[PDB]
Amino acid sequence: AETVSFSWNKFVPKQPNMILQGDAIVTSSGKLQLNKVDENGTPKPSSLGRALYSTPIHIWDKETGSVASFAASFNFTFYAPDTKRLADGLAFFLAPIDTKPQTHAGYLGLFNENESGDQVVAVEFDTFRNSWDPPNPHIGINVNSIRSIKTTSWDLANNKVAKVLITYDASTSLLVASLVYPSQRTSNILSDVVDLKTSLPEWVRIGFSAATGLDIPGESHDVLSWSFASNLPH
């Protein structure tokens, strides 16, 4: 039985348990700022940032055919200067060991319009309506494609704290993602089945990707805390 877990309620500059990509930085105030931002807080267009947990996670085993169960939770906020013109969004994802940034903007740094490059499984918090999207901002479960296999409505709130919980149950293959704004007492939830064996390598890294809009600022994305725990039985 392999397990790993970690948690923290601040990030900390230059922390070596964190791999940053693109525009990502950790502020003095302890936020994982995923996007480039001007002096007063305003996001720049075509920003993209990612951040991975250092440690690769053993997600399934070929020998035994067993699959990991896991849980991830985090608080995130966004700042949109113009609340009626929004910037693609943010996602939690699993990807290969060596994952690098993919197409930005509406592909969220995670997928591409072509066939693919990586094998990615993700839960998206999507602010802008692309051609493959349903109307209005939403949560989505994405399996090797930016076209979510299922979505649900996401009750955005500018600046407010979103508490996310994401779980995967290997016994049912059910991925479940919930979002809560405690200040608003609003909740959203989503669930679908995902076969990890056919959508991810045995070992992956997990992390966050957030993209701002192509021609427009849209919104910045800050992750404030993070927990994860995973269990791979025989």
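Take the two forms, find the largest set of C-alpha atoms that superpose within 1.5 Å, and that set is the rigid core. Note that residue numbering follows the sequence shown and begins at 1.
More variable segment, 157-165 or 105-113 [Cα RMS over structures in 5 other deposited structures of this protein, core-superposed]: Between 157-165 and 105-113, greater C-alpha deviation in 5 other deposited structures of this protein belongs to 105-113.
Mean CA B-factor: is it higher for 161-169 or for 59-67? The entry gives the higher C-alpha B-factor average to 59-67.
Once you work out the mean C-alpha B-factor for both 37-45 and 181-189 from the entry, which is higher? It is 37-45 that shows the higher mean C-alpha B-factor.
Using the B-factor values recorded in the entry, state whether the Cα atom of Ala210 falls in the lowest, middle or highest third among the modelled residues of its chain. Its C-alpha B-factor belongs to the lowest third of this chain's values.
Ranking the modelled residues of this chain by C-alpha B-factor as given in the entry, is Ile97 in the lowest, middle or highest third? CA B-factor rank for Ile97: highest third.
Compare the C-alpha B factor of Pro134 with those of the other modelled residues in its chain, then answer lowest, middle or highest third. Ranked within chain, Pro134 CA B lands in the middle tercile.
Considering only modelled residues of the same chain, in which third does the CA B-factor of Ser116 rank: lowest, middle or highest? According to the entry, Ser116 has a C-alpha B-factor in the chain's highest third.
Check where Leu52 lands among this chain's C-alpha B-factors and tell me if it's the lowest, middle or highest third. It belongs to the middle third of the chain when residues are ordered by C-alpha B-factor.
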